[PDB]
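Taking the form deposited in one PDB entry, here's one chain by itself in structure tokens.
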């Protein structure tokens, strides 16, 4: 209900604020427990990430394998988000280039991986990748923070399902 929804959203802003204050901030499991142990359903837990499709549409083979492939992609997408929150970025942060064989073997190895970068703001389609609109000179810090947290949380929840230790493993075993 209301208290559970409020606790969830407040916990999200506490962590999103820490990311906006420090893009290199690491979070422990205990600091993420408000979100991992929340009794909210999946549609309520992930407001930006289409986590249902990300898991189910890449569920090919043994869960040991495609959860690892998806973990790597989510790990990389998280660092793309942290990169946009860093006050010191590389010069050409405004564009992601797909032709990199490392991009092709990580993010482009799962359906939906590209679309996550769009949630950061990489919205203009290129032949060789995705980029920010040339008018937008700086990224939406709050948006990038929320997506980054969700991408971090999704990888975390997948890892806890991998080790048979998710606090609400029963309900989330459907994925």
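Here the rigid core means the biggest group of C-alpha atoms that line up within 1.5 Å when the two forms are laid on top of each other. Residue numbers count along the first chain shown, from 1.
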Open item on the list: So, in 8 other deposited structures of this protein, taking the root mean square over structures and residues of the Cα distances after a rigid core fit: is 161 to 169 or 8 to 16 the more displaced stretch?
Closed with: 161 to 169
TODO: Give, as the answer, the stretch of 143 to 151 and 102 to 110 that departs more from the shown form in 8 other deposited structures of this protein; the measure is RMS Cα distance after a core fit.
DONE: 102 to 110
Open item on the list: Tell me which stretch, 73 to 81 or 88 to 96, has the higher mean Cα B-factor listed in the entry.
Closed with: 88 to 96
Task: Between the two ranges 41 to 49 and 62 to 70, the one averaging a larger CA B factor in the entry - done: 62 to 70
Open item on the list: If I read the C-alpha B-factors straight from the PDB entry, which of 150, 30, 137, 108 is highest?
Closed with: 137
- [ ] Compare the CA B factors listed in the entry for 156, 17, 164, 23 and report the winner.
- [x] 164
Open item on the list: Quick check for you: using the entry's CA B-factors within this chain, is residue 57 in the lowest, middle or highest third?
Closed with: highest
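Unshown form solved in complex with a small molecule; subsequent notes refer to it.
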Task: Heavy atom within 4.5 Å of the small molecule in the deposited complex - residue from 109, 29, 47, 52 - done: 52
Open item on the list: Counting only non-hydrogen atoms and a 4.5 Å threshold, tell me whether 42, 157 and 168 all contact the small molecule in the deposited complex.
Closed with: yes
Task: Interface membership of residue 152, the small molecule in the deposited complex, 4.5 Å heavy atom rule - done: no
TODO: Examine residue 142 and determine whether its closest non-hydrogen atom to the small molecule in the deposited complex is within 4.5 angstroms.
DONE: no
- [ ] May I ask you to check whether residue 161 falls inside a 4.5 Å heavy atom distance of the small molecule in the deposited complex?
- [x] yes
- [ ] Report yes if any heavy atom of residue 118 sits within 4.5 Å of a heavy atom of the small molecule in the deposited complex; otherwise report no.
- [x] no
